[PDB]
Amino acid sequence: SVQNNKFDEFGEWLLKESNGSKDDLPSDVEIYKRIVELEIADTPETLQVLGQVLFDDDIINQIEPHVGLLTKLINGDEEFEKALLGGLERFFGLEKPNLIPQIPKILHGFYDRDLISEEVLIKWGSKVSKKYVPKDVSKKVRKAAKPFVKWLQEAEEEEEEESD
(Lines of atoms letter the chains of each structure in order from A and count residues from 1; the text may use other names and numbers.)
(Lines give C-alpha, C1' and ligand atoms only; values in the text may rest on other atoms or scores of the structure.)
Protein backbone atom coordinates (compact mmCIF):
# COMPACT_ATOMS: atom_id res chain seq x y z
CA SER A 1 0.00 0.00 0.00
CA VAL A 2 1.03 3.59 -0.73
CA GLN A 3 2.99 5.67 1.80
CA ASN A 4 0.99 8.57 3.23
CA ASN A 5 1.12 11.56 5.55
CA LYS A 6 -1.15 13.03 8.23
CA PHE A 7 -3.19 14.89 5.61
CA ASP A 8 -3.96 11.72 3.64
CA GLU A 9 -4.90 9.94 6.88
CA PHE A 10 -7.22 12.80 7.85
CA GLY A 11 -9.00 12.62 4.50
CA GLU A 12 -9.32 8.83 4.63
CA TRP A 13 -10.80 9.04 8.12
CA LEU A 14 -13.47 11.55 7.04
CA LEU A 15 -14.45 9.48 4.00
CA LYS A 16 -14.56 6.16 5.87
CA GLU A 17 -16.55 7.45 8.84
CA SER A 18 -19.09 9.10 6.53
CA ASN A 19 -19.36 6.13 4.15
CA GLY A 20 -20.83 7.63 0.99
CA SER A 21 -22.93 10.33 2.64
CA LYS A 22 -21.90 13.82 3.76
CA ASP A 23 -24.79 13.66 6.23
CA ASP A 24 -22.94 10.90 8.07
CA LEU A 25 -19.75 12.95 8.39
CA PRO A 26 -18.34 13.16 11.90
CA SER A 27 -19.66 16.26 13.67
CA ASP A 28 -17.68 19.47 13.15
CA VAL A 29 -16.64 19.21 16.79
CA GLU A 30 -15.25 15.71 16.22
CA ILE A 31 -13.53 16.80 12.99
CA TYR A 32 -11.79 19.66 14.80
CA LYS A 33 -10.64 17.33 17.57
CA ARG A 34 -9.08 14.94 15.05
CA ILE A 35 -7.22 17.85 13.45
CA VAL A 36 -5.82 18.81 16.85
CA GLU A 37 -4.88 15.21 17.65
CA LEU A 38 -3.14 14.91 14.27
CA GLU A 39 -1.27 18.13 15.10
CA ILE A 40 -2.34 19.73 11.81
CA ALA A 41 -4.24 22.73 13.17
CA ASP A 42 -1.29 24.96 12.28
CA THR A 43 -0.97 23.73 8.68
CA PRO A 44 -2.84 25.18 5.65
CA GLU A 45 -3.15 21.81 3.86
CA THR A 46 -5.78 20.81 6.42
CA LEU A 47 -8.20 23.22 4.71
CA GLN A 48 -7.39 21.76 1.30
CA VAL A 49 -8.64 18.39 2.52
CA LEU A 50 -11.84 19.85 3.96
CA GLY A 51 -12.49 21.88 0.81
CA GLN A 52 -12.75 18.73 -1.29
CA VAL A 53 -14.29 16.27 1.20
CA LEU A 54 -16.94 18.25 3.13
CA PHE A 55 -19.35 18.91 0.26
CA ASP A 56 -21.48 17.31 -2.45
CA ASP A 57 -24.07 18.51 -4.99
CA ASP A 58 -25.89 20.31 -2.16
CA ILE A 59 -22.81 22.46 -1.46
CA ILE A 60 -24.83 25.70 -1.52
CA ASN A 61 -26.67 24.55 1.62
CA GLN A 62 -23.64 22.95 3.27
CA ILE A 63 -21.68 26.19 3.61
CA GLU A 64 -23.46 27.67 6.65
CA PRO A 65 -23.38 24.48 8.79
CA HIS A 66 -19.57 24.30 8.50
CA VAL A 67 -18.83 28.01 9.00
CA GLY A 68 -17.90 27.51 12.65
CA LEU A 69 -15.39 24.79 11.81
CA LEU A 70 -13.90 26.59 8.80
CA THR A 71 -13.66 29.99 10.54
CA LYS A 72 -12.00 28.43 13.59
CA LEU A 73 -9.36 26.70 11.45
CA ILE A 74 -8.61 29.59 9.11
CA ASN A 75 -8.02 31.97 12.04
CA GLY A 76 -7.84 34.99 9.73
CA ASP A 77 -4.83 33.56 7.89
CA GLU A 78 -4.78 34.08 4.12
CA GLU A 79 -2.55 31.03 3.57
CA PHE A 80 -5.42 28.98 5.01
CA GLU A 81 -8.05 30.69 2.86
CA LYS A 82 -5.89 29.90 -0.16
CA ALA A 83 -5.80 26.23 0.84
CA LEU A 84 -9.58 26.07 1.22
CA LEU A 85 -9.94 27.55 -2.26
CA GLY A 86 -7.43 24.96 -3.44
CA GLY A 87 -9.61 22.23 -1.96
CA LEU A 88 -12.66 23.72 -3.67
CA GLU A 89 -10.73 23.73 -6.95
CA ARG A 90 -10.33 19.97 -6.53
CA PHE A 91 -14.00 19.61 -5.59
CA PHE A 92 -15.21 21.44 -8.70
CA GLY A 93 -12.57 20.04 -11.03
CA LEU A 94 -12.48 16.39 -10.00
CA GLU A 95 -15.40 15.55 -7.68
CA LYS A 96 -18.44 17.44 -8.99
CA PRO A 97 -17.60 18.93 -12.42
CA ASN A 98 -21.35 19.16 -13.04
CA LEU A 99 -21.28 22.13 -10.65
CA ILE A 100 -18.72 24.12 -12.67
CA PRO A 101 -21.30 26.47 -14.24
CA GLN A 102 -22.49 27.38 -10.72
CA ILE A 103 -19.03 28.28 -9.40
CA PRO A 104 -19.65 32.06 -9.19
CA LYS A 105 -22.83 31.53 -7.15
CA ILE A 106 -21.10 29.09 -4.80
CA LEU A 107 -17.90 31.11 -4.29
CA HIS A 108 -20.06 34.13 -3.49
CA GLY A 109 -21.58 32.04 -0.71
CA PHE A 110 -18.12 31.36 0.72
CA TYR A 111 -17.16 35.02 0.44
CA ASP A 112 -20.30 36.20 2.24
CA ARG A 113 -19.41 34.02 5.24
CA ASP A 114 -15.98 35.67 5.56
CA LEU A 115 -14.36 32.36 4.56
CA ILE A 116 -12.36 33.59 1.57
CA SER A 117 -11.09 37.16 1.30
CA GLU A 118 -11.31 39.34 -1.81
CA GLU A 119 -7.52 39.50 -2.13
CA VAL A 120 -7.19 35.71 -2.11
CA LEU A 121 -9.93 35.20 -4.71
CA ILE A 122 -8.52 37.88 -7.00
CA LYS A 123 -4.97 36.49 -6.90
CA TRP A 124 -6.32 32.95 -7.33
CA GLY A 125 -8.53 33.90 -10.26
CA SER A 126 -5.85 35.88 -12.12
CA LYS A 127 -3.71 32.86 -12.93
CA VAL A 128 -3.68 29.14 -13.51
CA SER A 129 -1.77 26.69 -11.36
CA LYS A 130 -1.04 22.97 -11.33
CA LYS A 131 -0.62 23.03 -7.54
CA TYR A 132 -4.04 21.65 -6.54
CA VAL A 133 -5.29 20.15 -9.82
CA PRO A 134 -3.75 19.51 -13.26
CA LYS A 135 -3.24 22.73 -15.26
CA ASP A 136 -5.99 21.79 -17.73
CA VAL A 137 -8.44 21.33 -14.87
CA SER A 138 -7.32 24.57 -13.22
CA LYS A 139 -8.13 26.48 -16.41
CA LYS A 140 -11.71 25.19 -16.49
CA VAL A 141 -12.44 25.95 -12.85
CA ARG A 142 -10.89 29.42 -12.76
CA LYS A 143 -12.39 30.49 -16.09
CA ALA A 144 -15.79 29.52 -14.66
CA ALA A 145 -15.08 31.67 -11.61
CA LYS A 146 -14.03 34.74 -13.61
CA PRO A 147 -17.40 36.56 -13.50
CA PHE A 148 -17.39 36.59 -9.69
CA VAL A 149 -13.70 37.54 -9.57
CA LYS A 150 -14.42 40.44 -11.94
CA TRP A 151 -17.26 41.52 -9.67
CA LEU A 152 -14.98 41.57 -6.62
CA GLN A 153 -12.39 43.69 -8.43
CA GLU A 154 -15.05 46.08 -9.67
CA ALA A 155 -16.74 46.23 -6.26
CA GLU A 156 -13.47 47.12 -4.54
CA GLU A 157 -12.49 49.70 -7.15
CA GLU A 158 -15.84 51.46 -6.80
CA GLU A 159 -15.43 51.31 -3.03
CA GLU A 160 -12.06 53.03 -3.36
CA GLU A 161 -13.56 55.59 -5.75
CA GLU A 162 -16.41 56.63 -3.46
CA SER A 163 -13.71 57.36 -0.91
CA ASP A 164 -12.93 60.14 -3.41
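All residue numbers refer to positions in the sequence shown, first residue = 1.
**Q** I need to verify one thing: averaged over C-alpha atoms only, is the B-factor higher for 125-133 or for 22-30?
**A** Mean B over CA atoms: larger for 22-30.
**Q** According to the deposited model, is the average Cα temperature factor higher in 84-92 or in 71-79?
**A** Averaging CA B-factors over each stretch, the winner is 71-79.
**Q** I'd like to know which of 120, 41, 47, 53 has the highest C-alpha temperature factor in the PDB entry.
**A** If I rank 120, 41, 47, 53 by C-alpha B-factor, first place goes to 41.
**Q** Going by the entry, which third of its chain does the Cα temperature factor of residue 66 land in?
**A** For residue 66, the deposited C-alpha B-factor lands in the middle third.
**Q** Against its chain's modelled residues, does residue 141's Cα B factor rank lowest, middle or highest third?
**A** According to the entry, residue 141 has a C-alpha B-factor in the chain's middle third.
**Q** Taking the chain's C-alpha temperature factors as the reference, tell me which third residue 35 falls into: lowest, middle or highest.
**A** It falls in the middle third of the chain.
**Q** Ranking the modelled residues of this chain by C-alpha B-factor as given in the entry, is residue 60 in the lowest, middle or highest third?
**A** Highest third of the chain for residue 60's C-alpha B-factor.
**Q** Please say which third, lowest, middle or highest, residue 15 falls into when its CA temperature factor is compared across its chain.
**A** Middle third - that is where residue 15 ends up once the chain's C-alpha B-factors are sorted.
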